[PDB]
Structure formats: structure tokens, C-alpha cells
């Protein structure tokens, strides 16, 4: 299977992340992509290509235009306003607020943000566009008839909602890939989000849509980021009724339990009739992940990839989270071994 990867991910190299009341170097840092790329190559997936560049046609169908316009100029405006740090929102449109959009950079960064633990830095927009391009080229391979491809996206995407960035994400790469598949002629697509965290951004984008089924397995939002979406009761609204499926799980969840949710999610996706599945793959479900509470082992990733591919429909694997340890690469490569085996 082809691996689509842009060196322009490195343009996202933020200095700071607000974590535990301190500004620390980000968990979502360039070395992640280096370690994942090296491991997938070591496992024999060495057909690595850069994405073609893409404009905004596809992404404008999943993200709000004002939001994208905001991301394009956010850094420039923040710097011009005289602030000394990276661009980090402080004020947020929470309960019982006005729906109006502010005009200044301070107000707009809050309006367009769901989490203050993500700073906008120079190069962030350009990196996010490169990561989107990797997802689009992957989707194009699936549309062209390939049964598997891997888009090594960085920055990740699944916390970016219709008009909000956060959770280290700016453009929802998996949403863009699903949209691309629809634009290329699919009528029904699924996104299966196996990252430890709920894909709240992805859920938001498709919550009222019946063309994309969204399934997520994740740490219970009562106890895990993103905190404010991902409950089992959220099954969709309007045209989206019945096509969101959340599987929240608790501390210490091992594969024997997690895999039962996987089985169920795949049953739901099959009943929906997905023509392809975009897999939002984070390996932060690993027992050693520094910010997560699941207990998957490295061999479980092979089982996971095999089970998802046994759906018998084409897969685009899109990189999301997974932090800290060298095994992030092994774990991603193991998913691909399960898909390809």
C-alpha cells in the first residue's frame, strides 16, 4: 500500500502547549512523524510519496469558510497585535453566550477554538494544508480502486470541528478524505475513529449528515479529553439520525473489551452500507501512552488492522494521535500489517 507523506508537516513546530498549568513543549511534535515513517518503512511499506498540493474545494465542504480564513491569517494578526507568545485563546463562547463573531484577533481566536492547549504558531496553516493534501491524495487512491492506503497526516485532524481548532488539530483530515470520496462518486462513506480520544471534530462535521457514518471508540468523556462530546447517547440529529455511534470506555480498557466495541462498530458500518472506511488511526490507545488510559499491546494493532480490513471494503488509514514512546511507529506499522496481510 502507498504511504502519502509531506515533509511540510515540519512547518508545524510549535514551541508551547498549555498542559498542567505550564507552557511546555508540545506532545504533538515533528519527531512523531519521523518515528512513524521509519517504522512503516522498516515493516516493508516503503512506497512513500509526497502528496500533490490541493486547494480548498474539498475542505470548504466540511469546514466553515470564515474558520479557514481565520486560520490563514491568525498568526500574522496575533504577531501584529504585539503579543509575545504563541497564539493561544483565553476567552471562549461557552454557556449562554452571544453567537456573534468578534472582530479582533483575541476574540476571534477564542471564537474559533475548542481547547486552549493548542497554540497557533508560524507555519501552522501551511503544515495543516500539507496534512490535508496527504489525506486527499490517499482518498484519491481509494477512489481510483486501491483497497488500502496510508496518509501519514501531521498535524492530526479529528478534534477540528466545523469551525473550531483544538486538541492539536486544525483541518479535519479524515473529514476531508471522506468528503473527497463522496465527491469522487461514493454515496455512503464511514469514518472509524480508533484513536484513544473522541473525534469530536469529526462528529461535529457529520452530526447532521446521513452520507457519512461516524463511529468512535474512546476514553469516556466524563474522564477524558475532549470532555464535552462522545457519550453513547449521541446518535445523530436530523438527516444524521442513526449515523453517529460512540463507544466510550473506561480506565484500563484492554483489547478483550475494546475489540468487542470494534466488532459492534463494524456491524453498524456494514448495516449502513459504507463503500469505504476512513480509519482515524491514533495509537494513543497503547498501554504506554503518556496521556491516555487504555491498555492495548503492540500485537493488538495487527489484530485491529486485520479486523477492520475484514469488512471487505477499501480502507484509507489517516494518522491521528499517539505520543511519547518509540513504539508509536511499531504500533502504526502493525495496523498496516494487519490490513495488508
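Positions refer to the first chain, counted from 1.
Asks: Could you settle it for me: does 140 to 148 or 255 to 263 have the higher average Cα B factor in the PDB entry?
Replies: Here the higher of the two C-alpha B-factor means belongs to 140 to 148.
Asks: Per the PDB record, is the mean Cα temperature factor higher over 74 to 82 or over 131 to 139?
Replies: Result of the comparison: 74 to 82.
Asks: Using the temperature factors in the entry, find which of 200, 173, 216, 103 has the highest value at its Cα atom.
Replies: Each of 200, 173, 216, 103 was compared by C-alpha B-factor; the highest is 103.
Asks: Can you tell me which of 224, 270, 153, 190 has the maximum CA B-factor listed in the PDB entry?
Replies: Max CA B-factor in the entry, restricted to 224, 270, 153, 190: 270.
Asks: Please place residue 316 in the lowest, middle or highest third of its chain by C-alpha B factor as given in the entry.
Replies: Lowest third, going by the recorded CA B-factors of the chain.
Asks: Could you tell me which third, lowest, middle or highest, the C-alpha B-factor of residue 234 occupies within its chain?
Replies: Its C-alpha B-factor belongs to the middle third of this chain's values.
Asks: What third of its chain, lowest, middle or highest, does the C-alpha temperature factor of residue 58 fall into?
Replies: CA B-factor rank for residue 58: highest third.
Asks: Taking the C-alpha B-factors as the PDB entry records them, is residue 26 in the lowest, middle or highest third of its chain?
Replies: It belongs to the middle third of the chain when residues are ordered by C-alpha B-factor.
Asks: Taking the C-alpha B-factors as the PDB entry records them, is residue 195 in the lowest, middle or highest third of its chain?
Replies: For residue 195, whose C-alpha B-factor we compare with every modelled residue in the chain, the answer is the lowest third.
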